[PDB]
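Dumped work.txt below, it's compact mmCIF, N, CA, C and O atoms:
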# COMPACT_ATOMS: atom_id res chain seq x y z
N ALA A 165 0.81 -1.22 0.00
CA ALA A 165 0.00 0.00 0.00
C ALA A 165 0.86 1.28 0.00
O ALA A 165 0.62 2.18 -0.81
N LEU A 166 1.88 1.37 0.86
CA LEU A 166 2.77 2.53 0.90
C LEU A 166 3.60 2.67 -0.37
O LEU A 166 3.59 3.74 -0.98
N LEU A 167 4.29 1.61 -0.82
CA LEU A 167 5.06 1.66 -2.05
C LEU A 167 4.20 1.98 -3.27
O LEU A 167 4.66 2.73 -4.13
N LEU A 168 2.95 1.52 -3.36
CA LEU A 168 2.10 1.88 -4.50
C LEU A 168 1.68 3.35 -4.41
O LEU A 168 1.80 4.09 -5.37
N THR A 169 1.28 3.82 -3.24
CA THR A 169 0.99 5.23 -2.97
C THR A 169 2.17 6.16 -3.28
O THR A 169 1.97 7.24 -3.83
N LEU A 170 3.41 5.75 -3.00
CA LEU A 170 4.59 6.47 -3.47
C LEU A 170 4.74 6.39 -4.99
O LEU A 170 4.94 7.42 -5.64
N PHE A 171 4.62 5.21 -5.58
CA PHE A 171 4.84 4.99 -7.00
C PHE A 171 3.89 5.80 -7.88
O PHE A 171 4.30 6.45 -8.83
N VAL A 172 2.62 5.85 -7.50
CA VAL A 172 1.61 6.61 -8.21
C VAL A 172 1.94 8.10 -8.22
O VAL A 172 1.71 8.77 -9.22
N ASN A 173 2.57 8.64 -7.17
CA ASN A 173 3.04 10.01 -7.15
C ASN A 173 4.39 10.22 -7.84
O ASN A 173 4.62 11.28 -8.40
N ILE A 174 5.27 9.22 -7.92
CA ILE A 174 6.46 9.23 -8.79
C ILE A 174 6.06 9.28 -10.27
O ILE A 174 6.58 10.12 -11.00
N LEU A 175 5.10 8.48 -10.72
CA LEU A 175 4.52 8.52 -12.07
C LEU A 175 3.99 9.90 -12.44
O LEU A 175 4.22 10.38 -13.54
N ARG A 176 3.33 10.56 -11.50
CA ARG A 176 2.84 11.93 -11.62
C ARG A 176 3.98 12.93 -11.80
O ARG A 176 3.90 13.77 -12.69
N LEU A 177 5.04 12.83 -11.01
CA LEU A 177 6.18 13.74 -11.03
C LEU A 177 7.10 13.54 -12.23
O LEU A 177 7.62 14.51 -12.77
N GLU A 178 7.26 12.32 -12.73
CA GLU A 178 7.92 12.03 -14.00
C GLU A 178 6.98 12.17 -15.22
O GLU A 178 7.35 11.80 -16.32
N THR A 179 5.76 12.68 -15.02
CA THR A 179 4.74 13.00 -16.04
C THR A 179 4.43 11.85 -17.01
O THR A 179 4.14 12.07 -18.18
N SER A 180 4.47 10.62 -16.51
CA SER A 180 4.25 9.39 -17.27
C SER A 180 2.80 9.22 -17.75
O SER A 180 1.86 9.52 -17.02
N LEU A 181 2.63 8.70 -18.97
CA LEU A 181 1.33 8.38 -19.58
C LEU A 181 0.97 6.88 -19.50
O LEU A 181 0.06 6.41 -20.18
N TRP A 182 1.69 6.10 -18.70
CA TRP A 182 1.56 4.64 -18.63
C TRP A 182 0.23 4.16 -18.03
O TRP A 182 -0.18 4.60 -16.96
N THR A 183 -0.44 3.22 -18.70
CA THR A 183 -1.64 2.55 -18.19
C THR A 183 -1.29 1.62 -17.04
O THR A 183 -0.40 0.79 -17.18
N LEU A 184 -1.99 1.71 -15.92
CA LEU A 184 -1.69 0.85 -14.78
C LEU A 184 -2.08 -0.60 -15.08
O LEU A 184 -3.18 -0.84 -15.57
N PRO A 185 -1.23 -1.60 -14.79
CA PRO A 185 -1.61 -3.00 -14.72
C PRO A 185 -2.60 -3.28 -13.58
O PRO A 185 -2.83 -2.42 -12.73
N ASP A 186 -3.12 -4.50 -13.49
CA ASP A 186 -3.91 -4.91 -12.32
C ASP A 186 -3.11 -4.83 -11.02
O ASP A 186 -3.63 -4.39 -10.00
N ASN A 187 -1.82 -5.18 -11.05
CA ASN A 187 -0.85 -4.89 -10.01
C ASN A 187 0.32 -4.08 -10.59
O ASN A 187 1.17 -4.66 -11.25
N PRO A 188 0.41 -2.76 -10.35
CA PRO A 188 1.49 -1.93 -10.86
C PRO A 188 2.89 -2.22 -10.32
O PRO A 188 3.85 -1.77 -10.93
N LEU A 189 3.04 -2.93 -9.20
CA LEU A 189 4.35 -3.22 -8.61
C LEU A 189 4.87 -4.61 -8.96
O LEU A 189 5.85 -5.06 -8.38
N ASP A 190 4.25 -5.30 -9.91
CA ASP A 190 4.82 -6.51 -10.49
C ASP A 190 5.82 -6.14 -11.57
O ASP A 190 5.46 -5.57 -12.61
N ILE A 191 7.07 -6.53 -11.37
CA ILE A 191 8.15 -6.28 -12.32
C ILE A 191 7.85 -6.86 -13.71
O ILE A 191 8.30 -6.28 -14.70
N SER A 192 7.07 -7.93 -13.83
CA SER A 192 6.77 -8.52 -15.14
C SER A 192 6.03 -7.56 -16.07
O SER A 192 6.07 -7.73 -17.28
N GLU A 193 5.37 -6.54 -15.53
CA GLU A 193 4.59 -5.54 -16.26
C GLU A 193 5.42 -4.35 -16.76
O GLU A 193 4.94 -3.56 -17.57
N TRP A 194 6.65 -4.18 -16.28
CA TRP A 194 7.45 -2.97 -16.50
C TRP A 194 8.25 -2.99 -17.81
O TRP A 194 8.73 -1.94 -18.25
N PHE A 195 8.36 -4.14 -18.46
CA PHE A 195 9.15 -4.37 -19.67
C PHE A 195 8.45 -5.38 -20.61
O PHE A 195 7.58 -6.12 -20.15
N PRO A 196 8.81 -5.45 -21.90
CA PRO A 196 9.69 -4.54 -22.62
C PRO A 196 8.98 -3.25 -23.04
O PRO A 196 7.78 -3.25 -23.29
N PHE A 197 9.72 -2.15 -23.13
CA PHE A 197 9.30 -0.85 -23.68
C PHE A 197 7.92 -0.37 -23.18
O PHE A 197 7.08 0.13 -23.93
N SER A 198 7.67 -0.59 -21.88
CA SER A 198 6.38 -0.39 -21.23
C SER A 198 6.45 0.82 -20.30
O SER A 198 5.93 1.88 -20.65
N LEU A 199 7.11 0.71 -19.15
CA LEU A 199 7.17 1.80 -18.17
C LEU A 199 8.13 2.93 -18.60
O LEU A 199 7.95 4.07 -18.21
N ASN A 200 9.15 2.60 -19.40
CA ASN A 200 10.27 3.46 -19.81
C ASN A 200 10.89 4.29 -18.65
O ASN A 200 10.90 5.52 -18.71
N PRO A 201 11.44 3.67 -17.61
CA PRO A 201 11.95 4.36 -16.42
C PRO A 201 13.35 5.00 -16.59
O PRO A 201 13.91 5.51 -15.63
N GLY A 202 13.94 4.97 -17.78
CA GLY A 202 15.36 5.23 -18.01
C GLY A 202 15.88 6.63 -17.68
O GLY A 202 17.08 6.80 -17.56
N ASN A 203 15.00 7.61 -17.52
CA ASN A 203 15.36 9.00 -17.25
C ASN A 203 15.01 9.47 -15.83
O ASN A 203 15.31 10.61 -15.46
N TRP A 204 14.38 8.62 -15.03
CA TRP A 204 13.74 9.01 -13.78
C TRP A 204 14.70 9.21 -12.62
O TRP A 204 15.67 8.48 -12.44
N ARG A 205 14.37 10.17 -11.76
CA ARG A 205 15.11 10.50 -10.55
C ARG A 205 14.85 9.52 -9.42
O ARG A 205 15.74 9.26 -8.63
N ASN A 206 13.64 8.99 -9.35
CA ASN A 206 13.12 8.18 -8.26
C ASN A 206 12.40 6.94 -8.81
O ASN A 206 11.71 7.05 -9.81
N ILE A 207 12.48 5.79 -8.14
CA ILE A 207 11.68 4.61 -8.48
C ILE A 207 11.40 3.73 -7.26
O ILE A 207 12.12 3.79 -6.26
N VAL A 208 10.37 2.91 -7.31
CA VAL A 208 10.05 1.92 -6.28
C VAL A 208 10.66 0.57 -6.64
O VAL A 208 10.68 0.21 -7.80
N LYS A 209 11.13 -0.19 -5.66
CA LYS A 209 11.57 -1.57 -5.88
C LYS A 209 10.36 -2.51 -6.01
O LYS A 209 9.61 -2.64 -5.05
N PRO A 210 10.15 -3.16 -7.16
CA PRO A 210 9.01 -4.05 -7.37
C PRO A 210 9.22 -5.40 -6.68
O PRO A 210 10.35 -5.81 -6.43
N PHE A 211 8.14 -6.11 -6.34
CA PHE A 211 8.19 -7.39 -5.60
C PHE A 211 6.93 -8.21 -5.85
O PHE A 211 5.89 -7.65 -6.19
N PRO A 212 6.95 -9.54 -5.68
CA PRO A 212 5.78 -10.38 -5.90
C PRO A 212 4.75 -10.26 -4.76
O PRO A 212 5.05 -10.49 -3.59
N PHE A 213 3.50 -9.96 -5.09
CA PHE A 213 2.42 -9.69 -4.13
C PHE A 213 2.06 -10.87 -3.22
O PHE A 213 1.80 -10.68 -2.04
N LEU A 214 2.09 -12.11 -3.73
CA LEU A 214 1.76 -13.30 -2.92
C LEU A 214 2.78 -13.62 -1.81
O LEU A 214 2.47 -14.40 -0.92
N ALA A 215 3.98 -13.03 -1.86
CA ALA A 215 5.01 -13.18 -0.85
C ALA A 215 4.97 -12.09 0.24
O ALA A 215 5.60 -12.24 1.28
N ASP A 216 4.26 -10.98 0.02
CA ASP A 216 4.14 -9.89 0.98
C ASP A 216 3.27 -10.29 2.18
O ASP A 216 2.06 -10.47 2.06
N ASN A 217 3.89 -10.42 3.34
CA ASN A 217 3.27 -10.82 4.59
C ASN A 217 3.22 -9.69 5.62
O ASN A 217 2.97 -9.92 6.81
N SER A 218 3.44 -8.45 5.19
CA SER A 218 3.22 -7.26 6.02
C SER A 218 1.73 -7.13 6.37
O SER A 218 0.87 -7.60 5.62
N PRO A 219 1.37 -6.54 7.52
CA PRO A 219 -0.01 -6.55 8.00
C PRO A 219 -0.95 -5.76 7.09
O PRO A 219 -0.57 -4.74 6.51
N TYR B 438 -19.45 16.67 -3.76
CA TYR B 438 -19.07 17.77 -4.66
C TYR B 438 -18.35 18.93 -3.98
O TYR B 438 -17.61 19.64 -4.65
N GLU B 439 -18.56 19.18 -2.69
CA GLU B 439 -17.89 20.31 -2.06
C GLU B 439 -16.37 20.13 -2.03
O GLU B 439 -15.85 19.09 -1.64
N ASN B 440 -15.64 21.16 -2.42
CA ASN B 440 -14.19 21.19 -2.49
C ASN B 440 -13.58 20.13 -3.43
O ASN B 440 -12.48 19.64 -3.17
N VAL B 441 -14.28 19.78 -4.52
CA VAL B 441 -13.77 18.96 -5.63
C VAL B 441 -13.29 19.82 -6.79
O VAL B 441 -12.25 19.54 -7.37
N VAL B 442 -14.05 20.86 -7.12
CA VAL B 442 -13.87 21.67 -8.33
C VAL B 442 -13.12 22.94 -7.96
O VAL B 442 -13.52 23.64 -7.04
N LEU B 443 -12.04 23.26 -8.66
CA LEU B 443 -11.20 24.44 -8.42
C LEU B 443 -10.74 24.59 -6.96
O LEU B 443 -10.73 25.68 -6.42
N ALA B 444 -10.43 23.48 -6.30
CA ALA B 444 -10.01 23.45 -4.90
C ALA B 444 -8.49 23.46 -4.70
O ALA B 444 -8.03 23.76 -3.60
N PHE B 445 -7.70 23.11 -5.71
CA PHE B 445 -6.25 23.02 -5.65
C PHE B 445 -5.62 23.59 -6.91
O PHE B 445 -6.23 23.59 -7.97
N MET B 446 -4.37 24.05 -6.79
CA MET B 446 -3.57 24.57 -7.89
C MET B 446 -2.13 24.05 -7.76
O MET B 446 -1.60 24.00 -6.65
N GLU B 447 -1.47 23.71 -8.85
CA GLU B 447 -0.02 23.54 -8.91
C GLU B 447 0.56 24.64 -9.78
O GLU B 447 0.13 24.82 -10.92
N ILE B 448 1.54 25.39 -9.28
CA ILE B 448 2.27 26.40 -10.05
C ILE B 448 3.71 25.90 -10.29
O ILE B 448 4.44 25.68 -9.33
N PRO B 449 4.15 25.72 -11.55
CA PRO B 449 5.49 25.25 -11.87
C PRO B 449 6.54 26.37 -11.81
O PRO B 449 6.19 27.54 -11.70
N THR B 450 7.83 26.04 -11.93
CA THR B 450 8.94 27.02 -12.02
C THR B 450 10.04 26.58 -12.98
O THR B 450 10.16 25.40 -13.31
N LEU B 451 10.89 27.51 -13.42
CA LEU B 451 12.07 27.23 -14.25
C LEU B 451 13.33 26.83 -13.46
O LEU B 451 14.39 26.65 -14.06
N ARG B 452 13.24 26.66 -12.14
CA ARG B 452 14.39 26.42 -11.25
C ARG B 452 15.24 25.22 -11.63
O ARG B 452 16.46 25.30 -11.57
N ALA B 453 14.63 24.11 -12.03
CA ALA B 453 15.35 22.91 -12.43
C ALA B 453 16.17 23.10 -13.71
O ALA B 453 17.32 22.69 -13.79
N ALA B 454 15.57 23.73 -14.72
CA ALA B 454 16.17 23.92 -16.03
C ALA B 454 17.27 24.99 -15.98
O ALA B 454 18.44 24.67 -16.13
N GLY B 455 16.90 26.24 -15.70
CA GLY B 455 17.84 27.33 -15.48
C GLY B 455 17.25 28.73 -15.57
O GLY B 455 16.27 28.96 -16.28
N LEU B 456 17.86 29.67 -14.85
CA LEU B 456 17.53 31.10 -14.79
C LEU B 456 18.77 31.94 -14.46
O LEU B 456 19.74 31.43 -13.90
N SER B 457 18.69 33.23 -14.74
CA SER B 457 19.52 34.26 -14.11
C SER B 457 19.04 34.49 -12.68
O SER B 457 17.83 34.49 -12.45
N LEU B 458 19.92 34.72 -11.72
CA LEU B 458 19.56 35.03 -10.33
C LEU B 458 20.23 36.32 -9.83
O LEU B 458 21.33 36.63 -10.26
N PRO B 459 19.60 37.07 -8.91
CA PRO B 459 20.16 38.28 -8.31
C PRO B 459 21.23 37.95 -7.26
O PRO B 459 21.09 38.26 -6.08
N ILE B 460 22.29 37.27 -7.69
CA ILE B 460 23.44 36.84 -6.90
C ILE B 460 24.69 37.11 -7.72
O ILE B 460 24.71 36.81 -8.91
N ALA B 461 25.75 37.64 -7.11
CA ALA B 461 27.01 37.94 -7.77
C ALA B 461 27.55 36.74 -8.56
O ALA B 461 27.89 35.70 -7.99
N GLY B 462 27.64 36.88 -9.88
CA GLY B 462 28.11 35.86 -10.80
C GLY B 462 27.00 35.10 -11.53
O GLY B 462 27.27 34.48 -12.55
N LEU B 463 25.76 35.16 -11.05
CA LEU B 463 24.60 34.51 -11.66
C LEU B 463 23.65 35.48 -12.37
O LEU B 463 22.59 35.06 -12.81
N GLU B 464 23.98 36.77 -12.51
CA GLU B 464 23.05 37.76 -13.08
C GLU B 464 22.92 37.67 -14.60
O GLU B 464 21.93 38.12 -15.16
N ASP B 465 23.91 37.08 -15.28
CA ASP B 465 23.94 36.94 -16.73
C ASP B 465 24.30 35.52 -17.21
O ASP B 465 24.30 35.26 -18.41
N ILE B 466 24.53 34.56 -16.30
CA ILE B 466 24.71 33.14 -16.62
C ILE B 466 23.43 32.40 -16.24
O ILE B 466 23.03 32.39 -15.08
N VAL B 467 22.81 31.71 -17.19
CA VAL B 467 21.70 30.79 -16.93
C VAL B 467 22.23 29.54 -16.21
O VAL B 467 22.99 28.78 -16.79
N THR B 468 21.80 29.31 -14.98
CA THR B 468 22.10 28.09 -14.20
C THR B 468 20.83 27.56 -13.57
O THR B 468 19.96 28.33 -13.16
N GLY B 469 20.68 26.25 -13.47
CA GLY B 469 19.53 25.61 -12.84
C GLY B 469 19.96 24.67 -11.74
O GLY B 469 21.15 24.41 -11.59
N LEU B 470 19.03 24.13 -10.97
CA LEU B 470 19.36 23.25 -9.84
C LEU B 470 20.01 21.93 -10.27
O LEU B 470 20.87 21.43 -9.55
N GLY B 471 19.66 21.40 -11.43
CA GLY B 471 20.01 20.04 -11.83
C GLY B 471 18.79 19.14 -11.95
O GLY B 471 17.71 19.47 -11.48
N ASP B 472 18.96 17.98 -12.56
CA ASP B 472 17.91 16.97 -12.71
C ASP B 472 17.44 16.38 -11.38
O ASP B 472 16.28 16.02 -11.25
N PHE B 473 18.31 16.32 -10.38
CA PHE B 473 17.99 15.84 -9.04
C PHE B 473 17.71 17.01 -8.10
O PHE B 473 18.59 17.80 -7.81
N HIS B 474 16.47 17.12 -7.64
CA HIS B 474 15.95 18.25 -6.87
C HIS B 474 14.69 17.88 -6.06
O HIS B 474 14.00 16.91 -6.37
N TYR B 475 14.34 18.69 -5.06
CA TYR B 475 13.08 18.58 -4.34
C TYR B 475 11.89 18.98 -5.21
O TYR B 475 11.95 19.95 -5.95
N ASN B 476 10.81 18.21 -5.14
CA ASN B 476 9.75 18.26 -6.14
C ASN B 476 8.66 19.29 -5.86
O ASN B 476 8.27 20.00 -6.78
N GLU B 477 8.13 19.34 -4.65
CA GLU B 477 6.91 20.09 -4.31
C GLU B 477 6.99 20.74 -2.93
O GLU B 477 7.57 20.18 -2.00
N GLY B 478 6.29 21.84 -2.74
CA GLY B 478 6.13 22.49 -1.45
C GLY B 478 4.74 23.09 -1.30
O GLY B 478 4.19 23.69 -2.22
N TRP B 479 4.13 22.86 -0.14
CA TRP B 479 2.78 23.29 0.14
C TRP B 479 2.76 24.75 0.58
O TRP B 479 3.37 25.11 1.58
N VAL B 480 2.06 25.61 -0.17
CA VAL B 480 1.80 26.99 0.23
C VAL B 480 0.79 26.98 1.38
O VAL B 480 -0.28 26.40 1.26
N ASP B 481 1.11 27.62 2.50
CA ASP B 481 0.24 27.68 3.67
C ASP B 481 -1.08 28.42 3.39
O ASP B 481 -1.11 29.47 2.77
N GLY B 482 -2.19 27.85 3.86
CA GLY B 482 -3.55 28.26 3.48
C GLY B 482 -4.43 28.84 4.58
O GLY B 482 -5.59 29.12 4.33
N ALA B 483 -3.92 29.04 5.80
CA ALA B 483 -4.72 29.41 6.97
C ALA B 483 -5.46 30.75 6.85
O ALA B 483 -6.56 30.88 7.39
N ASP B 484 -4.92 31.73 6.13
CA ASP B 484 -5.62 32.99 5.81
C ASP B 484 -6.36 33.00 4.46
O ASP B 484 -6.91 34.04 4.09
N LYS B 485 -6.39 31.88 3.72
CA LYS B 485 -7.07 31.70 2.42
C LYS B 485 -6.52 32.54 1.26
O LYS B 485 -7.23 32.73 0.28
N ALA B 486 -5.27 33.00 1.30
CA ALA B 486 -4.68 33.86 0.26
C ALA B 486 -4.88 33.35 -1.18
O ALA B 486 -5.14 34.14 -2.09
N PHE B 487 -4.85 32.03 -1.40
CA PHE B 487 -5.06 31.41 -2.70
C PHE B 487 -6.43 31.70 -3.34
O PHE B 487 -6.56 31.57 -4.55
N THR B 488 -7.42 32.12 -2.55
CA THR B 488 -8.74 32.54 -3.03
C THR B 488 -8.81 34.01 -3.45
O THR B 488 -9.74 34.38 -4.16
N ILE B 489 -7.84 34.85 -3.05
CA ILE B 489 -7.68 36.24 -3.50
C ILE B 489 -6.75 36.28 -4.72
O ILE B 489 -7.08 36.89 -5.73
N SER B 490 -5.61 35.60 -4.65
CA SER B 490 -4.70 35.39 -5.78
C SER B 490 -3.75 34.22 -5.48
O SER B 490 -2.92 34.31 -4.58
N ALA B 491 -3.83 33.13 -6.24
CA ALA B 491 -2.95 31.97 -6.07
C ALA B 491 -1.50 32.27 -6.45
O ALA B 491 -0.58 31.85 -5.75
If you convert what's in this file into structure tokens, what do you get?
Amino acid sequence: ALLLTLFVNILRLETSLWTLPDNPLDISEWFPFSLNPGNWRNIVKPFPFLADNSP
Amino acid sequence: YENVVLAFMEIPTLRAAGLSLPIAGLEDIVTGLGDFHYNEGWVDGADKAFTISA
């Protein structure tokens, strides 16, 4: 929840036009030629959702 | 509907790219902060100044 809330505001600040996946923090969705993060100042570390055991 | 429409403003600046500044040596050289910089700052709203002029 926190990393997605940060990421959605990083997308806003890098003025990205990218369509959100069903899960935006899955790395499988970021490539090829999809997110285009190559110029960005800030990014979130992506991770698999079924392994997240935070409350 | 209350405070949905015309409730917020973002005002951009040339600070990242470059400007002349009223500082000795920067009055005629265009310099900017760089690509890495702080993004946003909240203008204080307690007296409602943004409703007279943002």
Interface rows for chain A against chain B: nearest pair, Å to one decimal, 8 Å, only N, CA, C and O atoms, as a Markdown table:
| residue | atom | partner | partner_atom | distance |
| --- | --- | --- | --- | --- |
| A:177 | CA | B:476 | CA | 7.6 |
| A:203 | O | B:472 | O | 6.9 |
| A:204 | C | B:472 | O | 7.1 |
| A:205 | CA | B:472 | O | 5.7 |
| A:206 | N | B:472 | O | 7.7 |
Exercise. Out of A:166, A:199, A:214, A:193, which residue has the shortest atom-to-atom distance to residue 180 (chain A) when counting all atoms listed in the file?
Worked result: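 Once distances to residue 180 (chain A) are computed over all atoms listed in the file, the minimum belongs to A:199.
For the pair atom C of residue 455 (chain B) and atom O of residue 467 (chain B), the interatomic distance is 5.9 Å.
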For this session: Please give the complete set of residues from chain A that DSSP, run on the backbone, assigns to alpha helix (DSSP H), formatted as a ChimeraX atom specification.
Result: /A:166-177
For this session: Grab the CA of residue 453 (chain B) to atom O of residue 169 (chain A) distance for me, in Å with one decimal place.
Result: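 Rounded to one decimal, the two atoms are 22.3 Å apart.
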For this session: Work out how far apart atom O of residue 175 (chain A) and atom O of residue 439 (chain B) are and give it in Å to one decimal.
Result: 24.9 Å
Exercise. Which polymer residues have any atom within 6 Å of an atom of residue 454 (chain B), counting only N, CA, C and O atoms, with same-chain residues fewer than 4 positions away left out, as a ChimeraX atom specification?
Worked result: /B:450,468-471
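The closest residue to residue 198 (chain A), picked from A:165, A:182, A:213, A:174 and counting only C-alpha atoms, is A:182.
Shell of residue 466 (chain B) at 8 Å, with all atoms listed in the file counted and residues fewer than 6 places along the chain excluded, is residues 455, 456, 457, 458 and 460 of chain B.
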